[PDB]
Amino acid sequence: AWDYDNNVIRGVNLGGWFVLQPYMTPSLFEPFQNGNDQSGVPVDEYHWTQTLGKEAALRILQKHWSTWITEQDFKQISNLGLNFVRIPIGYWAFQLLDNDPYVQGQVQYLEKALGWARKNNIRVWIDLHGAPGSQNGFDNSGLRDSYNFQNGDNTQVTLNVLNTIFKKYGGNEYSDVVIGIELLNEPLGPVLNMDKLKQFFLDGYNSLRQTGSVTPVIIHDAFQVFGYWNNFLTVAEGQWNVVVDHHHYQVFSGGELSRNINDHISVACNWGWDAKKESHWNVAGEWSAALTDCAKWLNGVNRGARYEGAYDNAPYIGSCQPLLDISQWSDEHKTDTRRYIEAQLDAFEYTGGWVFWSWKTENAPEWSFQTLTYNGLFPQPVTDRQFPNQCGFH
């Protein structure tokens, strides 16, 4: 359904749909604020659903699932020249732990989305974005500040959920639409046992293939250095149809945020050069236009921005307030943004392609493909360049 040698992925993530992220849909979290006090705002989907209870959570989420993304979005995605979407989903859509607060019902909409993709010639990865106990302690896993994916029976539960996904979506029924199943989003390598993580990846790979599936297996890089995965899941060992997913941002540390625009561009170009050297097919499964961490709650509920020296002991660089509204951006910031987008596009098209995070947000323009496109900052058509050949690839 895809030729990873000859085709290039040009896609968007459908983030915020099946896994709630406060910065993407702040309207769902803001009713819990008490004036200026954010101490009572639930920090993740786990606590959001727990605080609301099963009845209220399902009522509110059914409204969200039916409106956030619809068939019209898939039409617009196709119309903009995109050929691909990545769909994050949490384990709880398929299986609940005893005492889990989560509600189910996402699978109905996942299956509607697969049909809308078929109708609009869009291909798909299904991405297991959240594992029981959390694989990274990020709020985008469902459960912030916990790192228990490798504890107890949580790895086994994850494999059981993957087997369900493999049987439903890795078979003949969706072979024209599904071009990858991503085993686990962003396992936080530095805090995990990497030998056990590799065993988990291998078990997932073997399990899928054992069902008769030929669907590509997507492994996230676990924040390892370029080339780390070169000797894992290799054709020499009869392991085939494997893709590495690299995520690339320059906003989650003081050092990255303090770079001038030229140095941001140099780093982007180098992502391209280094990815070209790797031995697996690879795709930039997440990246954005952000040059700041200013979006409200990007770092989590009740945490500030490093950019204005309000988090992570970072120095003050600049005030966020002026950057929250794209109509208030300086001409210089608009130009820097366009340069940065084009450099990243060139770097990522140099290997397997790219998947922007994300299609839409309520009010965070740096993270919204729609907003950037409508404001002329994301190239349309996506091959247009105002700043041609910043990287000098050959």
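Counting begins at 1, following the sequence as shown.
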Requested in this report: Return whichever of 51-59 and 350-358 has the greater mean Cα B factor according to the PDB record.
Outcome: 51-59
Requested in this report: Look over 21-29 and 5-13 in the entry and identify the one with the greater average Cα temperature factor.
Outcome: 5-13
Report task. Tell me which of 270, 234, 288, 206 tops the list for C-alpha B factor in the record. Result -> 234
Query raised in the report: Say you rank 83, 266, 141, 172 by Cα B-factor from the PDB entry; which sits at the top?
Result: 172
Query - For residue 274, the third of its chain into which the C-alpha B factor falls - result: middle
Report task. Can you work out whether the C-alpha temperature factor of residue 339 puts it in the lowest, middle or highest third of the chain? Result -> lowest
Report task. Quick one: classify residue 196 as lowest, middle or highest third of the chain based on its Cα B-factor. Result -> middle
Report task. For residue 368, return the chain-relative third of its C-alpha B-factor as stated in the PDB record: lowest, middle or highest. Result -> lowest
Report task. Would you mind ranking residue 122 by its C-alpha B-factor against the rest of the chain and naming the third, lowest, middle or highest? Result -> middle
